[PDB]
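**Q** Got a structure here, written out as structure tokens. Questions coming.
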Amino acid sequence: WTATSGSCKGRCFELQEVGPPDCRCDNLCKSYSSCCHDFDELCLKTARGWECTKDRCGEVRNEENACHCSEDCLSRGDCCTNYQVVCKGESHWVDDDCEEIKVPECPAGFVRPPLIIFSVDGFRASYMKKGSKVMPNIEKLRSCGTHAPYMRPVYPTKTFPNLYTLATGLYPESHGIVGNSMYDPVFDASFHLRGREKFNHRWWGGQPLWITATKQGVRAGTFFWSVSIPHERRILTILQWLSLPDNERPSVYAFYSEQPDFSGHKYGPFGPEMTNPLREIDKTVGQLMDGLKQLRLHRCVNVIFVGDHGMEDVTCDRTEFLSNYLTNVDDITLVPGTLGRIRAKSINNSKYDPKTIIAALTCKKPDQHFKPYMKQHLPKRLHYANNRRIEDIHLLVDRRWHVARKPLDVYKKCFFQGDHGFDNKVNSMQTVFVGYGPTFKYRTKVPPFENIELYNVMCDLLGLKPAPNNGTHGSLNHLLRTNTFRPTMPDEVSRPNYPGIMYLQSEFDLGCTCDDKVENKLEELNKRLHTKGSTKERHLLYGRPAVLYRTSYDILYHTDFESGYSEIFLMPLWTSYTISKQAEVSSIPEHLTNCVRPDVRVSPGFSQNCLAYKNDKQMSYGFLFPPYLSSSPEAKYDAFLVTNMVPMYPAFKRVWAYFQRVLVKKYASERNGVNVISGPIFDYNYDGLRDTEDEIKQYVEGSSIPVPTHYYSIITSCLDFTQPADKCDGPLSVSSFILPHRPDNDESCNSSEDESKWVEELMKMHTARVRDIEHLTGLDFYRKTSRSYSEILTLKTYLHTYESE
Ligand SMILES: *[C@@H]1O[C@H](CO)[C@@H](O[C@@H]2O[C@H](CO)[C@@H](O[C@@H]3O[C@H](CO[C@H]4O[C@H](CO)[C@@H](O)[C@H](O[C@H]5O[C@H](CO)[C@@H](O)[C@H](O)[C@@H]5O[C@H]5O[C@H](CO)[C@@H](O)[C@H](O)[C@@H]5O)[C@@H]4O)[C@@H](O)[C@H](O[C@H]4O[C@H](CO)[C@@H](O)[C@H](O)[C@@H]4O[C@H]4O[C@H](CO)[C@@H](O)[C@H](O)[C@@H]4O)[C@@H]3O)[C@H](O)[C@H]2NC(C)=O)[C@H](O)[C@H]1NC(C)=O
Ligand SMILES: Cn1c(COc2cc(Cl)c(C#N)cc2-c2cc(OC3CC3)ccc2F)n[nH]c1=O
Ligand SMILES: [Ca+2]
Ligand SMILES: [Ca+2]
Ligand code: NA
Ligand code: NA
Ligand SMILES: [Zn+2]
């Protein structure tokens, strides 16, 4: 119930929300059906429109007008945005040359430059260039400030997950807004775009920027605008708020546009009808900047122009129907569209079975435009699994397609020509970032980055301490003139042991064999030096990774590679080696095919054993340092040490062996050498974080050898590829992956073909940031470079996307 007979007189767009049943005058009251009776009359005035004209200049103040052109309007803070231009001979902001803003130039009483976030729904990254002729205000912001060529959204590339990610710095799995539609089984409640349940506070986890600000004594304008409030009125409301007295005035503001998304759905991303919405958004930007110029705030405020996601061409005819695959289609509930999420229609049906649904959806049609996954098998870069609102069965839909349950769902709901929601590495889903203001850099282009990083920066721009989030604070310091955040490297928690030769061969009873009993003071001193670390500067280029948790591990040196060997997990946490451009690939000789050799530095009790692999009919093994890349026949023996062995399903070995035999050398040739760090990952609870020993769900049969869920590699070289990887003076270049360790290759529909037709494709799907691997291993990489730490943080957040330009 609302008692709507209170009044909004003097309360229009009040910042504090008053309590039911008392009627509301804030910019949300419409959305709750709670505004006071006179809200439209007082707060949504429209008379005479939004622009001054010569005849209105000087006019007698009429309080009915939407905005004012009278002489007292500047002092009142409610002039039309073009007032000084029409009436006082001033230029529009867009017509002024840009001039570097070296320091904030702010009115007296201003404690800090305010921040205005100008968010645009569905603003695809390529609009900045493709629409630049019709967006002159945005183009000035872009060219004069700091811009990225694009910004990567989070998955799913839908509105609310992305806007809330912007506000919180959190992946959707952590903030809880995992789609525009959701079912939460603990609450037994549904979240929808339409209607009221979405305002219930239990949906919204983490701590958004407005709450962070408020808790630290920084006042915030509203972030949500009711759709019926016109854009011109949103802008005038912000400008009015900026004219409040110092004790009442907010420091952070947001504007939101429903465009160009609204039109992009109807017309496609580049429909000829899209020009006008881009013109209109640019006009709104111009109103804001003209309004700030009038208030003398245009060289004081930091402005962020940012989108939530892009827009792709999608039509009704490009729909796959689950009724063409499943017999049981009425026993499921599908969240449809540009992603699929499946669960049982009824929790009373014990005949429901995910394995049979997955199998019925796997590689069934030759051009099939979706791929099913148990959520824990989705690419780890998506960070889309650790929330009870994400259904166990997921369909990753190809760009340009939809999935639906049955045809009747599509024609009883062609209308649309655009949609979004796809995998966040798809080029059409990329969106925009521009920062303009005293705290941003001048005429600066920065590389593409992920929207999860912005919360930290917005916190820095307002002097706030960010709440815990998934950004890497410092990774965007290169966007900023000042207010940089100067982090220190985390302290190492566990220091390594450096074991020497402590065990005789006969102490081992591992069931392993090796044809190796074959024999010199010249080369005996030499192999001793390699086991003490004499080649380690070549193989460990950026220092040893730091272990950020309590554990017991050994550093093991060898001619061709260095490793950190875990006594707890019985395998390396990491293995580091450098392959020059000139390295040669050799085979595993016949006599060494089944060779595994005890490591005399490491006790039997802290070693793997071959009997386990013999007994485990499902499990085989691989090696972290590949025998194919040994520097010499004698060095090759090192690669067969039991301390370099890891558990691998035979199906996964096809992937791994192709990576190691073909791809590493290919990358060294293309990149002028590479440094490779490889290792296992254990994430049985799919939380994106290193598992402890007691979370491991699978072991090599009959043993304590834990089975990884994933294998990673981090592949580093010189950005200036005229320098070899091992003699690089400047910035680094990286690509990494986190490959799922699966007992089948059902993910790869073409896996019966030669690995040259499908392995690399799989690896690109599972591309990762170094930071993703850090979370999953508790390791900290690149500890010893000649580079700045901020630069290294940027490197650690880089994702190699494999999309064209
Ligand atoms: C991305 O960044 C985020 C933020 O930094 C990272 O997320 C954090 O990760 C931590 C580890 O997973 C986690 O720490 C736990 O916090 C528990 C208390 O948490 C509550 O309070 C916080 C702070 O105000 C709040 O933010 C939380 O909100 C969650 O839950 C509500 C819904 O109920 C949502 O509104 C919200 O969206 C959020 O959900 C998300 O997080 C939870 C996990 O907290 C998930 O379950 C959801 O799926 C969703 O993703 C909370 O309300 C604390 O109790 C935990 O402590 C246990 O474990 C420690 C280990 O040392 C142990 O000492 C204790 O014994 C304790 O165990 C006991 O409980 C166990 C579980 O019931 C039980 O089995 C045991 O036997 C014990 O009895 C723990 O410290 C932190 O809360 C989240 N924060 C957020 C915001 O998500 C995230 O990791 C980053 N991602 C990557 C990939 O890096
Ligand atoms: C989508 N949309 C908006 C714009 O919303 C936001 C704009 C920005 Cl710039 C940011 C950031 N950072 C955050 C939001 C936002 C606001 C919310 O408010 C709670 C009452 C629900 C909830 C989630 C959000 F993510 N207004 N109207 C409308 O339809
Ligand atoms: Ca959107
Ligand atoms: Ca885990
Ligand atoms: Na086996
Ligand atoms: Na297959
Ligand atoms: Zn949309």
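What you see of chain A is 51-463, 468-573, 576-591, 617-886, where the numbers are those given in Swiss-Prot.
So this one's X-ray crystallography, 1.8 Å, going by the header.
A Cβ is built for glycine as well, from the same backbone N, Cα and C atoms used for every other residue.
So Swiss-Prot lists the following for this protein:
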{"type": "DOMAIN", "residues": "54-97", "note": "domain 'SMB 1'"}
{"type": "DOMAIN", "residues": "98-142", "note": "domain 'SMB 2'"}
{"type": "BINDING", "residues": "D171, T209, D358, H359", "note": "Zn(2+) 1 binding site"}
{"type": "BINDING", "residues": "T209, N230, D311, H474", "note": "1-hexadecanoyl-sn-glycero-3-phosphate binding site"}
{"type": "BINDING", "residues": "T209, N230, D311, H474", "note": "1-(9Z-octadecenoyl)-sn-glycero-3-phosphate binding site"}
{"type": "CARBOHYD", "residues": "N398", "note": "N-linked glycosylation site"}
{"type": "CARBOHYD", "residues": "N524", "note": "N-linked glycosylation site"}
{"type": "CARBOHYD", "residues": "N831", "note": "N-linked glycosylation site"}
{"type": "REGION", "residues": "854-875", "note": "region 'Required for secretion'"}
**Q** Of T209, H359, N524, which recorded positions are close to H474 (1-hexadecanoyl-sn-glycero-3-phosphate binding site), meaning a Cα within 10 Å of its Cα?
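**A** For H474 (1-hexadecanoyl-sn-glycero-3-phosphate binding site), the recorded positions whose Cα atoms are within 10 Å come to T209, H359.
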**Q** Can you list which of the recorded positions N398, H474, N524, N831 have their Cβ under 6 Å from some atom of ligand 3?
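**A** By the Cβ criterion, which requires under 6 Å to ligand 3, there are no hits.
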**Q** State the residues, same chain only, that lie 6 or more residues beyond the ends of the domain 'SMB 1' (54-97) and have a CB under 8 A from a CB inside it; answer 'none' if no residue qualifies.
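**A** Tertiary neighbours of the domain 'SMB 1' (54-97) are 112, 114-116, 246, 249, 269-272, 274-276, 278-280, 283-284, 287, 290-291, 300.
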**Q** Quick one: 4 residues missing from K463 to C468, so how many Å between their CAs?
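**A** Cα to Cα across the gap: 10 Å.
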**Q** By the count of other Cβ atoms within 10 Å, pick out the sparsest of the glycosylation sites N398, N831.
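**A** Result for the glycosylation sites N398, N831: minimum number of other Cβ atoms within 10 Å at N398.
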**Q** When the Cα-Cα distance from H359 (Zn(2+) 1 binding site) is computed for each of the recorded positions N230, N398, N831, which gives the smallest value?
**A** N230
**Q** Cα distance, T209 (Zn(2+) 1 binding site) to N831 (N-linked glycosylation site), nearest Å?
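**A** Pair distance, Cα basis, whole Å: 34 Å.
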**Q** Would you measure the largest Cα separation among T209, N230, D311, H474 for the 1-hexadecanoyl-sn-glycero-3-phosphate site and round it to whole Å?
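**A** Output for 1-hexadecanoyl-sn-glycero-3-phosphate binders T209, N230, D311, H474: max Cα distance 14 Å.
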**Q** Near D311 (1-hexadecanoyl-sn-glycero-3-phosphate binding site), which residues of its own chain have a C-beta under 8 A away, given they sit six or more steps off in sequence?
**A** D171, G172, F173, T209, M361
**Q** For a three-state summary based on DSSP, what are the helix, strand and coil counts in the domain 'SMB 1' (54-97)?
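**A** Per-class counts: 5 helix, 4 strand, 35 coil.
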**Q** Could you tell me the whole-number distance in angstrom separating the Cα atoms of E573 and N576, on either side of the 2 residues that were not modelled?
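**A** Between the Cα atoms flanking the 2-residue gap there are 8 Å.
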**Q** Cβ under 6 Å from an atom of ligand 1: which of these recorded positions qualify? The list is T209, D358, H359, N398, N524.
**A** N524
**Q** Apart from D171, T209, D358, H359, which residues in this chain have a Cβ no more than 8 Å from the mean position of the Cβ atoms of those residues at the Zn(2+) 1 site?
**A** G172, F173, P203, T207, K208, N212, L213, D311, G357, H474, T485
**Q** Under a three-state reading of DSSP, tell me whether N831 (N-linked glycosylation site) is helix, strand or coil.
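**A** In three-state terms, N831 (N-linked glycosylation site) counts as coil.
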**Q** For the recorded 1-(9Z-octadecenoyl)-sn-glycero-3-phosphate site formed by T209, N230, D311, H474, which further same-chain residues have Cβ atoms within 8 Å of the site's Cβ center?
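**A** For the 1-(9Z-octadecenoyl)-sn-glycero-3-phosphate site the neighbour list reads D171, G172, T207, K208, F210, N212, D358, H359, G475.
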